[PDB]
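With compact mmCIF, N, CA and C atoms inside, this is target_22.txt:
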# COMPACT_ATOMS: atom_id res chain seq x y z
N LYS A 19 85.95 57.29 129.26
CA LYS A 19 85.87 57.83 130.64
C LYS A 19 85.12 59.16 130.67
N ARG A 20 84.30 59.34 131.70
CA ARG A 20 83.52 60.56 131.86
C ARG A 20 84.33 61.63 132.59
N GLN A 21 85.18 61.18 133.51
CA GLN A 21 86.01 62.10 134.29
C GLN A 21 87.36 62.32 133.61
N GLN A 22 87.68 63.59 133.35
CA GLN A 22 88.94 63.94 132.71
C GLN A 22 89.82 64.77 133.64
N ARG A 23 91.09 64.91 133.28
CA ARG A 23 92.03 65.68 134.09
C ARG A 23 91.95 67.16 133.76
N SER A 24 92.52 67.99 134.63
CA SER A 24 92.51 69.43 134.43
C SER A 24 91.08 69.96 134.38
N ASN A 25 90.94 71.27 134.18
CA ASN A 25 89.63 71.90 134.11
C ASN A 25 89.01 71.71 132.73
N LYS A 26 87.70 71.52 132.70
CA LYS A 26 86.98 71.33 131.44
C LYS A 26 86.00 72.47 131.18
N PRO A 27 85.76 72.80 129.90
CA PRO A 27 84.84 73.88 129.53
C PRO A 27 83.39 73.52 129.81
N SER A 28 82.61 74.52 130.22
CA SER A 28 81.19 74.31 130.52
C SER A 28 80.32 75.20 129.65
N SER A 29 80.61 76.49 129.65
CA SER A 29 79.85 77.45 128.86
C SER A 29 80.64 77.90 127.64
N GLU A 30 81.96 77.98 127.80
CA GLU A 30 82.84 78.39 126.71
C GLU A 30 83.27 77.19 125.87
N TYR A 31 83.12 77.31 124.56
CA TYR A 31 83.49 76.23 123.65
C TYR A 31 84.97 75.86 123.81
N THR A 32 85.83 76.37 122.92
CA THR A 32 87.26 76.09 122.99
C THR A 32 88.07 77.33 122.65
N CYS A 33 89.02 77.67 123.51
CA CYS A 33 89.86 78.84 123.30
C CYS A 33 90.71 78.69 122.05
N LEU A 34 90.70 79.71 121.20
CA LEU A 34 91.47 79.69 119.96
C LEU A 34 92.17 81.03 119.75
N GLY A 35 91.42 82.12 119.92
CA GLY A 35 91.99 83.44 119.74
C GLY A 35 91.51 84.42 120.79
N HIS A 36 91.96 85.67 120.69
CA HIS A 36 91.58 86.70 121.65
C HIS A 36 91.49 88.06 120.97
N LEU A 37 90.81 89.00 121.63
CA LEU A 37 90.66 90.35 121.09
C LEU A 37 91.09 91.39 122.12
N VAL A 38 92.10 92.18 121.76
CA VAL A 38 92.61 93.22 122.65
C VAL A 38 92.00 94.58 122.32
N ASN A 39 91.36 95.19 123.31
CA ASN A 39 90.74 96.50 123.12
C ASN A 39 91.72 97.62 123.44
N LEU A 40 91.88 98.54 122.50
CA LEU A 40 92.79 99.67 122.68
C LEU A 40 92.06 100.86 123.29
N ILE A 41 92.34 101.12 124.57
CA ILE A 41 91.71 102.23 125.27
C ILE A 41 92.77 103.16 125.86
N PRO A 42 92.53 104.49 125.81
CA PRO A 42 93.48 105.47 126.35
C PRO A 42 93.47 105.50 127.87
N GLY A 43 94.29 104.64 128.47
CA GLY A 43 94.36 104.57 129.92
C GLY A 43 94.43 103.14 130.43
N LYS A 44 94.16 102.18 129.54
CA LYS A 44 94.19 100.77 129.89
C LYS A 44 93.80 99.91 128.69
N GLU A 45 93.91 98.59 128.85
CA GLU A 45 93.57 97.67 127.78
C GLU A 45 92.76 96.49 128.31
N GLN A 46 92.06 95.80 127.41
CA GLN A 46 91.24 94.66 127.79
C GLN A 46 91.39 93.53 126.77
N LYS A 47 91.57 92.31 127.27
CA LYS A 47 91.72 91.14 126.41
C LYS A 47 90.53 90.20 126.57
N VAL A 48 89.91 89.84 125.44
CA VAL A 48 88.76 88.94 125.46
C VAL A 48 89.04 87.67 124.66
N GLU A 49 88.75 86.52 125.27
CA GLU A 49 88.97 85.24 124.62
C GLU A 49 87.82 84.91 123.68
N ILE A 50 88.16 84.41 122.49
CA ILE A 50 87.15 84.05 121.50
C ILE A 50 87.16 82.55 121.21
N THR A 51 85.98 81.95 121.22
CA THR A 51 85.85 80.52 120.96
C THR A 51 85.48 80.25 119.51
N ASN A 52 85.57 78.99 119.10
CA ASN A 52 85.23 78.60 117.73
C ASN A 52 83.77 78.17 117.66
N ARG A 53 82.87 79.13 117.88
CA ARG A 53 81.44 78.86 117.86
C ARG A 53 80.84 79.06 116.48
N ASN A 54 81.69 79.16 115.46
CA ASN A 54 81.21 79.36 114.10
C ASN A 54 80.61 80.75 113.96
N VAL A 55 79.97 81.24 115.02
CA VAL A 55 79.36 82.56 115.01
C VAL A 55 79.64 83.31 116.31
N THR A 56 80.21 84.49 116.18
CA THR A 56 80.52 85.34 117.33
C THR A 56 79.62 86.57 117.32
N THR A 57 78.97 86.84 118.44
CA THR A 57 78.07 87.98 118.53
C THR A 57 78.72 89.12 119.32
N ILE A 58 78.53 90.34 118.83
CA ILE A 58 79.10 91.52 119.48
C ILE A 58 78.02 92.56 119.76
N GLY A 59 77.81 92.87 121.03
CA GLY A 59 76.81 93.85 121.41
C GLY A 59 76.67 93.99 122.91
N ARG A 60 75.54 94.55 123.34
CA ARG A 60 75.28 94.75 124.76
C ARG A 60 74.72 93.48 125.40
N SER A 61 74.02 92.68 124.61
CA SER A 61 73.43 91.44 125.11
C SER A 61 74.51 90.52 125.67
N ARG A 62 74.29 90.04 126.89
CA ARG A 62 75.24 89.14 127.55
C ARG A 62 75.38 87.83 126.77
N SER A 63 74.37 87.50 125.98
CA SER A 63 74.39 86.27 125.19
C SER A 63 75.42 86.36 124.06
N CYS A 64 75.69 87.58 123.61
CA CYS A 64 76.66 87.80 122.54
C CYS A 64 78.02 87.23 122.91
N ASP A 65 78.79 86.83 121.91
CA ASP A 65 80.12 86.27 122.15
C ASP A 65 81.01 87.29 122.84
N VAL A 66 80.97 88.53 122.36
CA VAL A 66 81.77 89.60 122.92
C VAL A 66 80.90 90.78 123.33
N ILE A 67 80.85 91.06 124.63
CA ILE A 67 80.06 92.17 125.14
C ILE A 67 80.90 93.43 125.28
N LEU A 68 80.67 94.39 124.39
CA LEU A 68 81.41 95.65 124.41
C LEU A 68 81.11 96.44 125.68
N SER A 69 81.70 97.63 125.79
CA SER A 69 81.49 98.48 126.95
C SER A 69 80.96 99.85 126.55
N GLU A 70 79.75 99.88 125.99
CA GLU A 70 79.13 101.13 125.57
C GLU A 70 77.71 101.24 126.12
N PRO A 71 77.30 102.45 126.55
CA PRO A 71 75.96 102.68 127.11
C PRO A 71 74.85 102.51 126.07
N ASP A 72 75.20 102.58 124.79
CA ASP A 72 74.22 102.43 123.72
C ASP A 72 74.72 101.49 122.64
N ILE A 73 75.46 100.46 123.05
CA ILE A 73 76.00 99.49 122.10
C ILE A 73 74.90 98.59 121.55
N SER A 74 74.84 98.48 120.23
CA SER A 74 73.83 97.66 119.57
C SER A 74 73.94 96.20 120.01
N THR A 75 72.80 95.60 120.34
CA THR A 75 72.76 94.21 120.77
C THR A 75 73.20 93.28 119.64
N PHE A 76 72.69 93.55 118.44
CA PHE A 76 73.02 92.74 117.26
C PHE A 76 74.09 93.41 116.41
N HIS A 77 74.72 94.41 117.01
CA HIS A 77 75.78 95.20 116.36
C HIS A 77 76.39 94.50 115.15
N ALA A 78 77.14 93.43 115.40
CA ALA A 78 77.78 92.69 114.31
C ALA A 78 78.02 91.23 114.69
N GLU A 79 78.29 90.40 113.68
CA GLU A 79 78.55 88.99 113.90
C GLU A 79 79.83 88.56 113.18
N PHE A 80 80.62 87.73 113.84
CA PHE A 80 81.87 87.23 113.27
C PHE A 80 81.85 85.72 113.15
N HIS A 81 82.20 85.19 111.99
CA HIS A 81 82.20 83.75 111.79
C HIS A 81 83.59 83.16 112.04
N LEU A 82 83.69 82.32 113.06
CA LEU A 82 84.95 81.67 113.41
C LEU A 82 84.93 80.20 113.02
N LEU A 83 85.70 79.84 112.00
CA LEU A 83 85.77 78.45 111.55
C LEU A 83 87.19 77.91 111.65
N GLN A 84 87.31 76.66 112.07
CA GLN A 84 88.61 76.01 112.21
C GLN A 84 88.73 74.82 111.27
N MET A 85 89.80 74.79 110.49
CA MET A 85 90.03 73.70 109.55
C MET A 85 91.49 73.23 109.60
N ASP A 86 91.70 71.96 109.29
CA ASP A 86 93.05 71.39 109.30
C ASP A 86 93.56 71.17 107.88
N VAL A 87 94.68 71.80 107.56
CA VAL A 87 95.28 71.67 106.23
C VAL A 87 96.74 71.26 106.33
N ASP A 88 97.08 70.12 105.72
CA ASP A 88 98.44 69.61 105.74
C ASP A 88 98.78 69.00 107.09
N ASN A 89 98.67 69.80 108.15
CA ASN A 89 98.95 69.34 109.50
C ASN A 89 98.58 70.40 110.52
N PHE A 90 98.88 71.66 110.20
CA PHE A 90 98.57 72.77 111.10
C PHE A 90 97.18 73.32 110.82
N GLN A 91 96.40 73.52 111.88
CA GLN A 91 95.05 74.04 111.75
C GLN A 91 95.05 75.56 111.64
N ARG A 92 94.33 76.07 110.65
CA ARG A 92 94.25 77.51 110.43
C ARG A 92 92.84 78.02 110.68
N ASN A 93 92.74 79.22 111.25
CA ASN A 93 91.44 79.82 111.55
C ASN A 93 91.20 81.06 110.70
N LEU A 94 89.95 81.25 110.27
CA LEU A 94 89.59 82.40 109.46
C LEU A 94 88.34 83.08 110.00
N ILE A 95 88.36 84.41 110.05
CA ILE A 95 87.23 85.17 110.56
C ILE A 95 86.60 86.02 109.46
N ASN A 96 85.28 86.10 109.46
CA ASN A 96 84.55 86.88 108.46
C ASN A 96 83.77 88.01 109.12
N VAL A 97 83.88 89.21 108.55
CA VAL A 97 83.18 90.37 109.08
C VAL A 97 81.86 90.61 108.36
N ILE A 98 80.78 90.72 109.13
CA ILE A 98 79.46 90.95 108.56
C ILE A 98 78.76 92.12 109.26
N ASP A 99 78.08 92.95 108.49
CA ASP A 99 77.38 94.10 109.03
C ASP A 99 75.87 93.95 108.85
N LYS A 100 75.13 94.15 109.94
CA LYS A 100 73.67 94.04 109.90
C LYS A 100 73.03 94.98 110.92
N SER A 101 73.68 96.11 111.16
CA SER A 101 73.17 97.09 112.11
C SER A 101 73.27 98.51 111.54
N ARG A 102 72.86 99.49 112.33
CA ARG A 102 72.91 100.88 111.90
C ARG A 102 73.56 101.76 112.97
N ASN A 103 74.59 101.22 113.62
CA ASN A 103 75.30 101.96 114.66
C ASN A 103 76.61 102.53 114.13
N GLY A 104 77.20 101.84 113.16
CA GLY A 104 78.46 102.30 112.59
C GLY A 104 79.60 101.34 112.86
N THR A 105 80.01 100.60 111.83
CA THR A 105 81.10 99.64 111.97
C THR A 105 82.23 99.96 110.99
N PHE A 106 83.43 100.15 111.52
CA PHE A 106 84.59 100.46 110.69
C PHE A 106 85.68 99.41 110.88
N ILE A 107 85.97 98.67 109.81
CA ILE A 107 87.00 97.63 109.86
C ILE A 107 88.21 98.02 109.04
N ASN A 108 89.38 97.76 109.61
CA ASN A 108 90.64 98.07 108.95
C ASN A 108 90.75 99.56 108.66
N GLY A 109 90.14 100.37 109.52
CA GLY A 109 90.18 101.80 109.34
C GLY A 109 89.33 102.28 108.18
N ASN A 110 88.53 101.37 107.62
CA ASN A 110 87.66 101.71 106.49
C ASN A 110 86.26 101.15 106.71
N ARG A 111 85.27 101.82 106.12
CA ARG A 111 83.88 101.39 106.25
C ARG A 111 83.61 100.16 105.38
N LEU A 112 82.82 99.23 105.91
CA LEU A 112 82.49 98.01 105.19
C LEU A 112 81.45 98.29 104.11
N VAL A 113 81.69 97.77 102.91
CA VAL A 113 80.78 97.96 101.79
C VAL A 113 80.10 96.65 101.40
N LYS A 114 80.83 95.55 101.54
CA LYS A 114 80.30 94.23 101.20
C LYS A 114 79.86 93.48 102.45
N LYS A 115 79.39 92.25 102.27
CA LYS A 115 78.94 91.43 103.38
C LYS A 115 79.73 90.13 103.46
N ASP A 116 81.00 90.19 103.07
CA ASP A 116 81.86 89.02 103.09
C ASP A 116 83.33 89.43 103.21
N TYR A 117 83.64 90.19 104.25
CA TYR A 117 85.01 90.64 104.48
C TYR A 117 85.82 89.58 105.22
N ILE A 118 87.07 89.40 104.82
CA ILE A 118 87.94 88.41 105.43
C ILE A 118 88.86 89.06 106.46
N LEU A 119 88.74 88.63 107.71
CA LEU A 119 89.56 89.17 108.79
C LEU A 119 90.67 88.20 109.17
N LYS A 120 91.87 88.73 109.37
CA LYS A 120 93.03 87.92 109.73
C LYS A 120 93.75 88.51 110.94
N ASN A 121 94.80 87.83 111.39
CA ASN A 121 95.58 88.29 112.53
C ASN A 121 96.04 89.74 112.34
N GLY A 122 96.14 90.47 113.44
CA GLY A 122 96.57 91.86 113.38
C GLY A 122 95.56 92.74 112.67
N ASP A 123 94.28 92.47 112.89
CA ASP A 123 93.22 93.24 112.27
C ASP A 123 92.54 94.15 113.29
N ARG A 124 92.38 95.42 112.93
CA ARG A 124 91.75 96.40 113.81
C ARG A 124 90.28 96.58 113.45
N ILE A 125 89.40 96.40 114.44
CA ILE A 125 87.97 96.55 114.22
C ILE A 125 87.38 97.61 115.15
N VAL A 126 86.53 98.46 114.59
CA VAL A 126 85.89 99.52 115.36
C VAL A 126 84.37 99.39 115.32
N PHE A 127 83.75 99.36 116.50
CA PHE A 127 82.30 99.24 116.59
C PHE A 127 81.71 100.40 117.39
N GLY A 128 80.76 101.10 116.78
CA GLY A 128 80.12 102.22 117.45
C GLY A 128 80.89 103.52 117.28
N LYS A 129 82.07 103.44 116.67
CA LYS A 129 82.91 104.62 116.45
C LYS A 129 83.62 105.01 117.74
N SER A 130 83.87 104.02 118.59
CA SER A 130 84.55 104.26 119.86
C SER A 130 85.27 103.01 120.33
N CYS A 131 84.58 101.87 120.27
CA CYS A 131 85.17 100.60 120.69
C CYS A 131 86.06 100.03 119.59
N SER A 132 87.36 100.06 119.82
CA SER A 132 88.32 99.54 118.85
C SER A 132 89.22 98.48 119.49
N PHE A 133 89.26 97.30 118.87
CA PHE A 133 90.08 96.21 119.37
C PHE A 133 90.80 95.49 118.23
N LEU A 134 91.92 94.86 118.55
CA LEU A 134 92.70 94.14 117.55
C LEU A 134 92.57 92.63 117.75
N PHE A 135 92.26 91.92 116.67
CA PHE A 135 92.11 90.47 116.73
C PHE A 135 93.35 89.76 116.23
N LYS A 136 93.65 88.68 116.91
CA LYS A 136 94.80 87.85 116.59
C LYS A 136 94.58 86.41 117.07
N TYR A 137 95.26 85.47 116.43
CA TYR A 137 95.14 84.06 116.80
C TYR A 137 96.02 83.74 118.00
N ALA A 138 95.50 82.93 118.91
CA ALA A 138 96.23 82.54 120.11
C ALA A 138 96.40 81.03 120.18
N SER A 139 97.21 80.49 119.27
CA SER A 139 97.46 79.06 119.22
C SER A 139 98.22 78.60 120.47
N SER A 140 99.30 79.30 120.79
CA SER A 140 100.11 78.97 121.96
C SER A 140 100.31 80.18 122.85
N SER A 141 100.63 81.32 122.23
CA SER A 141 100.84 82.56 122.98
C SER A 141 102.00 82.40 123.96
N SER A 142 103.12 83.05 123.65
CA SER A 142 104.30 82.98 124.50
C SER A 142 104.45 84.27 125.31
N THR A 143 104.63 84.12 126.62
CA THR A 143 104.78 85.26 127.51
C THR A 143 105.63 84.90 128.72
N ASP A 144 106.66 84.09 128.50
CA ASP A 144 107.55 83.66 129.57
C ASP A 144 108.54 84.77 129.92
N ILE A 145 108.30 85.44 131.04
CA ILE A 145 109.14 86.51 131.50
C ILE A 145 109.88 86.06 132.76
N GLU A 146 110.06 86.99 133.66
CA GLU A 146 110.75 86.73 134.92
C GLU A 146 109.95 87.29 136.10
N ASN A 147 109.49 88.53 135.96
CA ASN A 147 108.72 89.18 137.01
C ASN A 147 107.43 89.78 136.45
N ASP A 148 106.34 89.02 136.54
CA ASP A 148 105.05 89.47 136.05
C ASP A 148 104.37 90.39 137.06
N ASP A 149 103.67 91.40 136.56
CA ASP A 149 102.97 92.35 137.42
C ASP A 149 101.54 91.89 137.69
N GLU A 150 101.39 90.96 138.63
CA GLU A 150 100.08 90.44 138.98
C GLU A 150 100.18 89.45 140.14
N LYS A 151 99.34 89.64 141.15
CA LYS A 151 99.34 88.76 142.31
C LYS A 151 98.67 87.42 141.99
N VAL A 152 99.36 86.33 142.32
CA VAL A 152 98.84 85.00 142.06
C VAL A 152 98.93 84.12 143.30
N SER A 153 97.78 83.64 143.77
CA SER A 153 97.74 82.79 144.95
C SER A 153 96.95 81.51 144.67
N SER A 154 97.21 80.47 145.46
CA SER A 154 96.53 79.20 145.30
C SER A 154 95.60 78.92 146.47
N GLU A 155 96.01 79.36 147.66
CA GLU A 155 95.21 79.17 148.87
C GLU A 155 94.33 80.38 149.13
N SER A 156 93.48 80.27 150.15
CA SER A 156 92.58 81.36 150.52
C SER A 156 92.62 81.62 152.02
N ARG A 157 92.30 82.84 152.41
CA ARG A 157 92.30 83.22 153.82
C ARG A 157 93.68 83.04 154.43
N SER A 158 94.71 83.23 153.61
CA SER A 158 96.09 83.08 154.07
C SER A 158 97.04 83.94 153.24
N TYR A 159 98.23 84.18 153.77
CA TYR A 159 99.23 84.99 153.07
C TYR A 159 98.71 86.40 152.82
Kindly present the structure from the file in structure tokens form.
Amino acid sequence: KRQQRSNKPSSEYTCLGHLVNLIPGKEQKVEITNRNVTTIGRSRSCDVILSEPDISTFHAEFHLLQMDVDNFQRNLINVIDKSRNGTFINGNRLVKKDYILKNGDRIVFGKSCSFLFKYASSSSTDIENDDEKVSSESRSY
């Protein structure tokens, strides 16, 4: 069948994980797909577009691969440096070109943009009173 239920992806591959940016005054969450290669920079084409006036377009690239072992699928991210703007991972400067990134990892790009990466297989957030307006209709209520 060509027609499927629910919403289907068009530009975004498949949601797997997300990146939370730590900013003094607010936070930002970005969804990451399993495109094998994630781009970070000013270019809109990049997987993750930072928020810097002089953010490197080719700043850095992250490899997102998904594999199935035993039964549960595990994801692994690799940190690679190919720019001259300044990239600090895990609070330390990268020396090699094959760093392994895992859940709860802090990454800094440009010496200002810092975000934490984690896997979002299911993500539980069942509360009672969420702080956010949610509507289904328009021009009403």
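If you look at atom N of residue 57 (chain A) and atom C of residue 95 (chain A), they are 11.8 Å away from each other.
Take the candidates A:88, A:50, A:103, A:144 and check each one against residue 37 (chain A) using only C-alpha atoms; the shortest distance goes to A:50.
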What separates atom N of residue 41 (chain A) and CA of residue 121 (chain A) is a distance of 17.9 Å
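Between CA of residue 139 (chain A) and CA of residue 33 (chain A) the interatomic distance comes to 8.6 Å.
The shortest atom-to-atom distance to residue 134 (chain A), with only N, CA and C atoms taken into account, belongs to A:40 out of A:32, A:90, A:104, A:40.
With all atoms listed in the file taken into account, the protein and nucleic acid residues at most 8 Å from residue 31 (chain A) (excluding it and anything under 4 positions from it in its own chain) are residues 27, 50, 51, 52 and 53 of chain A.
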What would the list of residues within 6 Å of (92.9, 81.2, 120.6) (file frame) look like as a JSON list (two decimals) with N, CA and C atoms, in the frame of the given file, if only C-alpha atoms are what count?
[["chain", "number", "residue", "atom", "x", "y", "z"],
["A", 33, "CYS", "N", 89.02, 77.67, 123.51],
["A", 33, "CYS", "CA", 89.86, 78.84, 123.30],
["A", 33, "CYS", "C", 90.71, 78.69, 122.05],
["A", 34, "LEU", "N", 90.70, 79.71, 121.20],
["A", 34, "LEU", "CA", 91.47, 79.69, 119.96],
["A", 34, "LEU", "C", 92.17, 81.03, 119.75],
["A", 35, "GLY", "N", 91.42, 82.12, 119.92],
["A", 35, "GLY", "CA", 91.99, 83.44, 119.74],
["A", 35, "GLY", "C", 91.51, 84.42, 120.79],
["A", 36, "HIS", "N", 91.96, 85.67, 120.69],
["A", 36, "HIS", "CA", 91.58, 86.70, 121.65],
["A", 36, "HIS", "C", 91.49, 88.06, 120.97],
["A", 137, "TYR", "N", 95.26, 85.47, 116.43],
["A", 137, "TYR", "CA", 95.14, 84.06, 116.80],
["A", 137, "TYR", "C", 96.02, 83.74, 118.00],
["A", 138, "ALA", "N", 95.50, 82.93, 118.91],
["A", 138, "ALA", "CA", 96.23, 82.54, 120.11],
["A", 138, "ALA", "C", 96.40, 81.03, 120.18],
["A", 139, "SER", "N", 97.21, 80.49, 119.27],
["A", 139, "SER", "CA", 97.46, 79.06, 119.22],
["A", 139, "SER", "C", 98.22, 78.60, 120.47]]
To box region 60-63 of chain A, take all atoms listed in the file, fit an axis-aligned box, add 5 Å on each side, and give centre and edge lengths in Å to one decimal, as AutoDock Vina command-line options.
--center_x 74.5 --center_y 90.5 --center_z 125.4 --size_x 12.1 --size_y 18.5 --size_z 14.2
So which bits of region 23-155 of chain A end up strand (DSSP E) when you DSSP the backbone, as number ranges by chain?
A: 33-41, 44-51, 56-59, 66-67, 78-87, 90-99, 105-107, 110-111, 117-119, 123-127, 131-137
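Using only C-alpha atoms, the residues found no farther than 6 Å from residue 83 (chain A), other than those of its own chain fewer than 5 positions away, are residues 54, 93 and 94 of chain A.
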Could you take the residues named above and write them with N, CA and C atoms, as a PDB file, in the frame of the given file?
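Result written to part34.pdb:
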ATOM      1  N   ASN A  54      81.690  79.160 115.460  1.00  0.00           N
ATOM      2  CA  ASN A  54      81.210  79.360 114.100  1.00  0.00           C
ATOM      3  C   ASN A  54      80.610  80.750 113.960  1.00  0.00           C
ATOM      4  N   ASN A  93      92.740  79.220 111.250  1.00  0.00           N
ATOM      5  CA  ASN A  93      91.440  79.820 111.550  1.00  0.00           C
ATOM      6  C   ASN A  93      91.200  81.060 110.700  1.00  0.00           C
ATOM      7  N   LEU A  94      89.950  81.250 110.270  1.00  0.00           N
ATOM      8  CA  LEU A  94      89.590  82.400 109.460  1.00  0.00           C
ATOM      9  C   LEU A  94      88.340  83.080 110.000  1.00  0.00           C
TER      10      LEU A  94
END
